[PDB]
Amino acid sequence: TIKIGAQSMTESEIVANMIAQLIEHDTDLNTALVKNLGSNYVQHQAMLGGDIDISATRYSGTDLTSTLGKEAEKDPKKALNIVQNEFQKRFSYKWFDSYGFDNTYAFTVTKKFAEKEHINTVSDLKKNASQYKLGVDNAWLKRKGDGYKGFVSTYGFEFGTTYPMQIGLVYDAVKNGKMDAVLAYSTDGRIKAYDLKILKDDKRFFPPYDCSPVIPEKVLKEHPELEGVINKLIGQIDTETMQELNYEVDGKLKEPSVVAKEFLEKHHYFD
């Protein structure tokens, strides 16, 4: 039984269901989802513990700064190479090449608010920053390297008030004028659907967040058919497609498993 870990993000559940289904289509391996994992730390500890054999979604910038204790590399190619080499060297874990998308933190406002306050970049927020309410996820305020503390020393301002909440709620919160700005995730389909505006990170504070699966080399050796299955998804999901997939769950309220199945069917399970 191949155990597949999903973080409690819509995107993680879709991709975990996708891996599960493709595995059972291609092979005789049985699969189980391990859901609601709180963070990459919980994920990483679960894999060290043998509780999961596959992380469906891990993000180069997040593990670089937290699991590996390293400085936030800002170049995508370099950050991915560093994460790949370190996961091999430290754990004999294989951090695959990316699905094809970067899911980054992104400061997001409405188009009405942008035009009113004259906002195109994150730096544009500085001028009235104490008047603003920012909605953020439940972990960002406390993160090291790529969190609020680092944000403040790079950008040289803080927001009037910051509200930590479940990520899924920040999209409606900003549409509804409850928050003035939110730290959204770039792959959420609600940015498109709600016509929200992503602000340029003009000081390149955030590292890249290219998304990949992670699997111990030991699991890959035990089940040699498994690598080829995962390889089918590498490079197949660009950010536009991930946004579309996410919205099917968060906007149309479909089950991650339904959304993953229709995607695999559209692409003929990549053979």
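C-alpha atoms forming the largest set that superposes within 1.5 Å between two forms make up the rigid core. For every residue, the number given is its place in the sequence shown, counted from 1.
*Asks:* Out of 142-150 and 187-195, which shows the greater rigid core-aligned C-alpha deviation in 4 other deposited structures of this protein?
*Replies:* The answer is 142-150, which departs more from the shown form in 4 other deposited structures of this protein.
*Asks:* Going by root mean square C-alpha distance after a core fit, say whether 73-81 or 105-113 is farther from the shown form in 4 other deposited structures of this protein.
*Replies:* Between 73-81 and 105-113, greater C-alpha deviation in 4 other deposited structures of this protein belongs to 105-113.
*Asks:* Do the CA atoms of 170-178 or those of 104-112 have the higher mean B-factor in the entry?
*Replies:* Mean B over CA atoms: larger for 170-178.
*Asks:* Can you let me know which of the two, 3-11 or 262-270, has the higher average C-alpha B-factor in the entry?
*Replies:* Mean CA B-factor is higher for 262-270.
*Asks:* Out of 122, 184, 129, 83, which shows the largest CA B-factor listed in the entry?
*Replies:* Highest C-alpha B-factor among the listed options: 129.
*Asks:* Between 156, 76, 147, 189, which one tops the list for C-alpha B-factor in the PDB entry?
*Replies:* 156 has the highest C-alpha B-factor of those listed.
*Asks:* Where does the C-alpha B-factor of residue 213 rank in its chain, lowest, middle or highest third?
*Replies:* Answer is lowest: the recorded C-alpha B-factor places it there.
*Asks:* Split the chain's modelled residues into thirds by Cα B-factor; is residue 140 in the lowest, middle or highest one?
*Replies:* Its C-alpha B-factor, which the entry lists for residue 140, ranks in the highest third among residues of this chain.
*Asks:* Hey, what third does residue 226 fall into on Cα B-factor, ranked over its chain?
*Replies:* Residue 226: CA B-factor falls in the highest third of its chain.
*Asks:* Compare the C-alpha B factor of residue 70 with those of the other modelled residues in its chain, then answer lowest, middle or highest third.
*Replies:* Highest third, going by the recorded CA B-factors of the chain.
*Asks:* Comparing residue 52 with the other modelled residues of its chain, is its CA B-factor in the lowest, middle or highest third?
*Replies:* Middle third by C-alpha B-factor.
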